[PDB]
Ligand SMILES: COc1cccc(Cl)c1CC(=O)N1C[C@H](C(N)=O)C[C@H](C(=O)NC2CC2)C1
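In the block that follows, a single chain appears as structure tokens, in the form deposited without this ligand.
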């Protein structure tokens, strides 16, 4: 689990978005596994505006941050895990790393701020849903 809090936005994995996320829906993309909902409290996270391919992600299944090299956001086919079926996903970045189902929502960050959140796992790979192209997160 985990979210990004920037301005009056909460960013979550679409598949973990709560009833309260959906009630206050701003934006969702089923092809990206992202959902943004409205918050009343002004958030403190900064979104990275960069093309870094290096950063640090939080892995709850190891209670550790790992430094990783990651691919540029792409359209990538995601294979079936234990709890979720397979499918395609856009704006997806892969790294060599540990990722289990409950790891979704762990933040990937570089010196410029938040890059993405954990979205996919399995086969010694971690997938991050990129948020750096959502410029609108940095006002109103």
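Whichever C-alpha set is largest while still superposing within 1.5 Å between the two forms counts as the rigid core. Only residues modelled in both forms are compared. Residue numbers count along the first chain shown, from 1.
The same protein has a further form, the form solved in complex with this ligand, not shown here; the description that follows concerns it.
S.K.: Open or blocked? Place this ligand on this chain by superposing the surrounding C-alphas onto its site in the bound PDB entry, and call it blocked when 3 or more ligand atoms come within 2.4 Å of backbone or C-beta atoms.
M.R.: After the site C-alphas are aligned, the pocket of the shown chain is blocked to the transferred ligand.
S.K.: Report yes if any heavy atom of residue 43 sits within 4.5 Å of a heavy atom of this ligand in the bound PDB entry; otherwise report no.
M.R.: No, residue 43 sits far enough from this ligand in the bound PDB entry that none of its heavy atoms falls within 4.5 Å.
S.K.: If you fit the rigid core between this form and the one not shown, which of 53, 38, 46, 81 ends up with a C-alpha shift of 2 Å or more?
M.R.: None of the others reach 2 Å, which leaves 81.
S.K.: Do residue 84 and residue 90 move together or apart in the bound PDB entry, judged by C-alpha distance changing 3 Å or more?
M.R.: Pair moves closer in the bound PDB entry.
S.K.: Residue 83 and residue 91: do their C-alpha atoms lie closer or farther in the bound PDB entry than in the form you see, with a change of 3 Å or more?
M.R.: Distance between the C-alphas of residue 83 and residue 91: shorter in the bound PDB entry, by 3 Å or more.
S.K.: Which bits shift between this form and the one not shown if the core is lined up, counting only runs of three or more residues where every C-alpha moves 2 Å or more?
M.R.: Residues 79-87 form the single run that moves by 2 Å or more between this form and the one not shown.
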